[PDB]
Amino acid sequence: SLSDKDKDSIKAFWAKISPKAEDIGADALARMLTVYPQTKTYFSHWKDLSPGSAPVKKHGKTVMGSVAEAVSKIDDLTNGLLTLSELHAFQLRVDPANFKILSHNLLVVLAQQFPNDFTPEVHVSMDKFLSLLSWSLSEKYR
């Protein structure tokens, strides 16, 4: 699915945003949790589900950190992501449907923060990046 234009367009995008990666991770994660309260069932061991809370800020930073790794290995996602895929299918057994939800909250936050830079054409490429990302995360489920 990712074309050479998606790569350039998302790589360039990553460089702009991303000083603010942790921000985006905590803004996207905490939004998913209140907006879609069915994703809460997976993190109910935390302290602290609300927007801005420490567990969200800390888990936000991680999510966006592995999305950075994924962008550096964008030509071999299929490799960069397979271990996250064993963990999500097998130890956490996250319903694949939830991935679409995080990625929407993530397009929302990009763009809420960089409106500026989130043309419909950048939106295309980002959204394809993140379906690819879900598609690779799905590798290990069955």
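Sequential numbering from 1, following the sequence displayed.
Chemist: Got a sec? Mean C-alpha B-factor, which is higher, 37 to 45 or 75 to 83?
Modeler: Between 75 to 83 and 37 to 45, it is 75 to 83.
Chemist: Could you check the entry and say whether 124 to 132 or 18 to 26 has the higher mean CA B-factor?
Modeler: Averaging CA B-factors over each stretch, the winner is 18 to 26.
Chemist: Classify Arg31 as lowest, middle or highest third according to the C-alpha B-factor given in the PDB entry, relative to its own chain.
Modeler: It belongs to the lowest third of the chain when residues are ordered by C-alpha B-factor.
Chemist: Would you please rank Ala89 by its C-alpha temperature factor against the other modelled residues of its chain and give the third it falls in: lowest, middle or highest?
Modeler: Answer is highest: the recorded C-alpha B-factor places it there.
Chemist: Once the chain's modelled residues are ordered by C-alpha B factor and cut into thirds, is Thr62 in the lowest, middle or highest one?
Modeler: Middle third, going by the recorded CA B-factors of the chain.
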